[PDB]
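So the structure is just underneath, and the comments pick up after that.
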Amino acid sequence: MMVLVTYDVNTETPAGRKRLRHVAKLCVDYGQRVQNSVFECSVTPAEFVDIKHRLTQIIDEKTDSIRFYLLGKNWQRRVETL
Amino acid sequence: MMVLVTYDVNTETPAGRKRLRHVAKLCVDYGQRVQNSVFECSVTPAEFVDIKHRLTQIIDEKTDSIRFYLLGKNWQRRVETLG
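Chains as they are written, first to last, in the authors' numbering: chain B, 1 to 82; chain A, 1 to 83.
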């Protein structure tokens with residue numbers, strides 16, 4: 001299944017860029033980094049669980065957020081770019 | 001149509017932050033800013049055409065990008081968050 005991962009982290013500090021790079025390393029194991037902080041991940045339900053668990057320890061939960069959008073099959077036919 | 005807008009701009013520059021302010025100002029007329037550079041927009045097909053033209057005039061197409069994800073009905077029940 002496809003999960004779109006959008007990570008909101010402030011990249012104006014070294015710590016924030018460090019977390020973005022850690023998140024990117026994790027997410028790119030399961031998909032494509034289509035934008036600096038947006039990942040298209042192809043994951044089984046158990047891979048998705050594992051990913052969330054790992055993402056929890058990396059982010060600063062007070063200042064960052066991650067959103068996960070469960071996109072349908074044929075989601076590729078429903079993305080446009082400007 | 002529910003359209004997720006994701007804007008990649010370099011906020012380390014004041015020009016990039018300015019563009020993001022103008023992107024957000026536009027997008028929040030059509031939806032909700034859910035993260036710094038992510039917008040959940042509910043638009044008609046005509047509004048979507050207009051919004052794209054407007055965004056094209058704001059972003060720097062050499063350095064920035066925008067992606068639009070057309071989400072299905074009840075997408076609200078298929079978004080999970082951390083942080």
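Positions of the beta carbon are idealized from the N, C-alpha and C atoms, including for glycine.
- Three or more Cβ pairs closer than 8 angstroms define a contact, and the segment 17 to 36 of chain B falls short of that threshold against the segment 38 to 45 of chain A.
- Contact annotation: in the segment 34 to 49 of chain B, residues whose CB is within less than 9 angstroms of a CB in chain A are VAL34, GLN35, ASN36, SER37 and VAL38.
- When C-alpha distances from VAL23 (chain B) are compared across B:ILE66, B:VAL79, B:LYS62 and B:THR13, the shortest belongs to B:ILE66.
- Less than 8 angstroms separates the beta-carbon of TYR7 (chain B) from that of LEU20 (chain B).
- Straight-line measurement puts the Cα of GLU61 (chain B) at about 11 angstroms from the Cα of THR81 (chain A).
- The contact set of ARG78 (chain A) on chain B, defined by CB atoms closer than 7 angstroms, consists of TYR69 and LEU70 in chain order.
- CA-to-CA, the gap between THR44 (chain B) and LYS73 (chain B) works out to about 13 angstroms.
- Using a Cβ distance threshold of 8 angstroms, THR13 (chain B) and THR11 (chain A) do not count as a contacting pair.
- For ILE51 (chain B), the enclosing alpha helix (DSSP H) stretches over residues 45 to 58.
- For the C-beta of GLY83 (chain A), the chain B residues within less than 7 angstroms are, from N- to C-terminus, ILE59, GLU61, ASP64, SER65 and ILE66.
- Residue pairing for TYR7 (chain A): DSSP places it in a beta bridge opposite A:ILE66.
- For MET2 (chain A) and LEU71 (chain A), the gap between their C-alpha atoms comes out near 6 angstroms.
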